[PDB]
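Chains as they are written, first to last, in the entry's author numbering: chain B, 5 to 52, 56 to 70, 86 to 231, 297 to 362, 379 to 545; chain C, 5 to 52, 56 to 70, 86 to 231, 297 to 362, 379 to 545; chain A, 5 to 52, 56 to 70, 86 to 231, 297 to 362, 379 to 545.
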Ligand SMILES: [Mg+2]
Ligand SMILES: [Mg+2]
Ligand SMILES: [Mg+2]
């Protein structure tokens, strides 16, 4: 994780990388004052017309428009790819925290530039954008909500080191000279922002670029290694949990937030208190390093949100002891096995971060199985491949004092009593280990 | 039609087959107390990745959630198909009547097992599910809504004769042993439910599994047999109506219901009273023995709902004599020609069932045409093939005293006055014949 | 532009062609009293099952149903196409002004007939439809909303010169003879309307029916002609605006309307006053002579509506001096570069039509560029091909006193200051010329 800081229009500008959304080609967290934006850039493995998609979304907890902002950010980026480049490139901008005086739109634009800049994609940037106002005869960079009310110009201009790349303006009937001056006043700031990004690029130094029978032979090799040689594809032992990392309080305008990472699975859960309890779960395709349609929550996202809500509902305080609504949203930023349990753990952190008087913290974990002729092997904290090539995905969440939720998917006829018993015990040990880590963080 | 009865958690469990949704591969009506669920299983004719889809819907008149339940029922079913089976299989569960103390989710799960078991699809069941509660230290099968409020466990468990295959639980922090005790307490009931299903299967004994030039010769033969030999593809006479069957009062929690069957066309219409008149029409793909997307009402269903509403609107009493809202929903469970008129007849039955003081009963029927030489033949109650290969689809509904609705689709340039007049006369005789039967039923 | 007038059920019937939607195969404006309906017919260039789609929409500003009305109009039209005809034919019906006593449905039915008749598509019409009521024992053509309340019959019947082609009725239990009399009373009016349509057809006389290297040589030829010979594909000069045409007050039940045409780009903007400011933009596929899905407004339509709203927002009077909501909807009836600007102009004419005390009229225009070596050429009022084959699409709108909106898309890395300077000045001259024309119209 690398943090780069500067100042922008009288407020702090930080760009973070290396920690969040590692399976996108490039990903960056932009903090502009209290505005926080996660920007990702992901490209298809092989080339597909150049298919570029830019998305912008302001989360409900951050406090047509988003369509206009995605079209805004697409413009200075689209023409700067090599001629003939046909890979499908998808860029996401998620406003996690929104201060209206610290333009989330412009933060997302430089986030989208930086996401691409560190990314692996041959984008010919960097670019940056600024908002220019025109107040009492003086041009201003990124005016506050108050200043924009007395501004005769609502100009957003973007470009690179060499030239202006985009002009998007509304104005109170200003002359051609007044506009022209505003534009190249804006481009002076753009050159500073592009220089700031280039410092980051210089430091980071991104590097730019019968079947079915085979599929069964790999399945048997993974299963043989596990049952016989006692070793898992990532070198783990059968009861080994992946490396754990965790933080709270990542978002200034949220009541509570928790970041929980387990191996290659990472979830950001954001809590909102209002004036009863709900938990939602979002699974972007950049979480698994892919592109594709940005659709409404599918069947799986509805399930995993309800499973998280079920595990957590039992420790939520009553209304007499906590007279507030509680909404938690879990964002899966990276996934390689049980994002849904990571969302449960992130939500517990966010509940404690927000000072919600819960009965007890809750953590979860998913168990696996490799069945063989004479015996079987329980796998603790399975990754995706062990789900795909194993025999079950057995998810258990609860407190130190017992179970609050179970959900199971198996690829065999059934689980014997001994399998279920052994899995529940390893899962009891697993959740206890995870909460020891979470209480260490909290 | 065969009815099989038992007792389940202190309430009656009935499974019916042979009457409803005969064009699905397998179909079953489950009655669990006042809960009523129709479950169908339909497979693609040819095999296609194994595409299995399970659907669950609680109808508005029965009284995220439905997604979780379809997700619930898929789990114990999916792994029990032969390895390498690639037919597209769709399972539909329609909650027609819902008593919250008599689990519609569990009723639908055994319905889906039952639908598959009698179906011809090589499903390796049967399976069954139960809900297990935990109240003052004792496990209970399918607790009532009141009992679940004092329950420390919300466990739903499914499996087959030999093993448990699915566990989905919420719990007030119960230990691993307590959960284990609940699972195999539930599985004792599952083995009883699967044994009951096997009794039904033992009795029923399901058996398990230039082009354009040709079509014109087929069309030419059906039309030739009709015009020359006066015989229709099913052997009917040109003015012969298909066998009629009808009952009332099928749903305990509905204000009125009518089941109307005409040959291979079957509609169940459900009426709801409230505190002005609407008729809706649903056409599931299993009604014609197919699979496919479950979409919102298409143009045809909207058309056929409005045509049903038109035929019926005229005999609905004034508010002074009946001060209630009336919503009727007609479910096409099978189709082979004019489901829309069957829905009209089903709706009239439901109106008389509900004790709605209608002006007069209403029946409908669809007429056809085969034009030849200069001669022609009017067909009474056309099936699908006579619509496709004939010249018109001429639908007339009304009372014994006259016409209340007409809708027509033709495949030739126009209908002469003489064709229209003779068709109207045969349809007058038709609706009178259908109505004589409906009053016999009512 | 040709206008054909007659009388229909005691109200005026006008059919207009030659002015609106010229890029559809056939397009017609029908005025039936105060009802105004635009009807278009467009066919795919090559044939694809005969795919015919009929669409019907009543605009909100004109004052299940639209689906039923579109199916209504499809029926008398569908069977009257040549056997074996496989071109995709799409008919759109847009109710721009709605008087409920002058049936928009029947206006749309004869509009769809006329659209196809003048179209080049081998539709074997014309057809027409009428509404027949039955009041105190007398049949009446197209009864008023009041008269329909005392009518025992709500019959819609359609057909051609030779026969009735469609019967759709609801009725208060009328006999077969009463229904039969109604149909052929209606067909007496149909033959008169079909004769009226036939007069127009006689008058108009419609006539009835390495790749990558090649595209790059065409692009180089357009750019070569522009930069060297100064000649544009339509023979225009680089600073020449396309011919302008403009009218105001096209819709009787709208508070204001403006029609603005610029070459092959045409927009109709409709203003509605209520008891704050919004501008929407619609882009039908017939505007460029194509067929295809009728979807919700896409990203471009959202963008172009907001850009129009942005150009206009600045001249909207304050609430203190104009206490009304203002809604404008701009319909792109024909397009060949910058419809977004056509909407702005249309909107301004409309605001003036509606007597909205705007600060100043607003006009817009789109500029292009052909870059050659170190040389370049600014293009005034670019058509679609000069956008596709040029270097920018630079849109500037404003008043006589300055700029109110700018939006730009470029196909090169950046725009030098002098290019931006040259574009703004030519665009300033452009909008002044357009506004000189618009004030002449107003
Ligand atoms: Mg897992
Ligand atoms: Mg029919
Ligand atoms: Mg343009």
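Even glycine gets a Cβ: it sits at the ideal position worked out from N, Cα and C.
For the pair residue 138(B) and residue 437(B), the CB atoms are not nearer than the 9 Å cut-off. Exposure of residue 504(B) is indicated by the presence of fewer than 16 other C-beta atoms within 10 angstroms of its C-beta.
Counting every other CB atom within 10 Å of its CB across the protein chains shown gives residue 520(A) a total below 16, marking it as exposed. Flagged as an interface residue toward chain C: residue 187(A), by a C-beta distance shorter than 9 Å.
Residue-level contact check: residue 454(C) does not touch chain A, since none of the beta carbons of chain A fall below 9 Å from its beta carbon. In this structure, the C-beta of residue 440(A) approaches ligand 3 to less than 8 Å from one of its heavy atoms. Restricted to the region 450-500 of chain B, the beta strand (DSSP E) segments that are unbroken, complete and at least 3 residues in length are 466-474, 479-483, listed in chain order. In the three-state DSSP reduction, residue 383(A) falls in the strand class (E or B). Under DSSP, the beta-bridge partners assigned to residue 347(A) are 333(A), 354(A). Scanning chain C for C-beta atoms nearer than 9 Å to the C-beta of residue 417(B) yields 192, 193, 194, 195, reported in chain order. Short note on residue 485(B): C-beta closer than 8 Å to some heavy atom of ligand 1. Below 8 Å, too few C-beta pairs join the region 215-223 of chain B and the region 299-311 of chain B to call them touching: fewer than three. The Cβ of residue 543(A) sits no closer than 9 Å to any Cβ of chain C. Residue 358(B) is positioned such that its CB atom lies closer than 9 Å to that of residue 344(B).
Between residue 405(A) and residue 196(B), the C-beta spacing is not below 9 Å.
If you check the CB distance, residue 422(B) and residue 361(B) do not come in under 9 Å. For residue 208(B), the shortest separation between its Cβ and any heavy atom of ligand 1 does not lie below 8 Å. Contact fails between the region 193-212 of chain C and the region 114-134 of chain C, because fewer than three Cβ pairs, one in each stretch, are under 8 Å apart.
Taking all protein chains shown into account, residue 187(B) has 16 or more neighbouring C-beta atoms within 10 Å of its C-beta and is therefore buried. Between residue 151(B) and residue 181(B), the C-beta spacing is below 9 Å. The Cβ atoms of residue 338(A) and residue 40(A) lie closer than 9 Å to each other. DSSP places residue 518(C) outside any alpha helix (DSSP H), giving it a letter other than H or E. With a cut-off of 8 Å, the C-beta of residue 508(B) is classified as distant from ligand 1, since no heavy atom of the ligand falls inside that distance. Pairing residue 129(A) with residue 35(A), the inter-Cα distance amounts to about 8 Å. In this structure, residue 524(C) and residue 202(A) form a Cβ contact; the two beta carbons are roughly 6 Å apart against a cut-off of 8 Å. Contact between residue 484(C) and residue 349(C) holds: CB atoms are separated by about 7 Å, below the 8 Å threshold.
Your pair residue 227(A) and residue 190(B) does not check out as a contact, with CB atoms roughly 49 Å apart and the cut at 8 Å. Residue 301(A) sits exposed, since fewer than 16 C-beta atoms from the chains shown fall within 10 Å of its C-beta. Chain A places no beta carbon closer than 9 Å to that of residue 203(C), leaving this residue out of the contacts. Taking one beta carbon from each stretch, the region 464-475 of chain B and the region 379-396 of chain B have fewer than 3 pairs nearer than 8 Å; the two do not touch. Exclusion of the five residues before and after residue 413(C) leaves 508 as the residues of its chain whose Cβ lies within less than 6 Å of its Cβ. Per DSSP, residue 417(B) lies in no alpha helix (DSSP H) and is assigned neither H nor E. Inside the region 394-440 of chain C, DSSP marks whole alpha helix (DSSP H) runs of 4 or more residues at positions 402-416, from first to last along the chain. Residue 153(C) has 178(C) as its beta-bridge partners, per DSSP. If you check the CB distance, residue 88(C) and residue 63(C) come in under 9 Å. One alpha carbon belongs to residue 430(B), the other to residue 407(B), and they sit about 15 Å apart.
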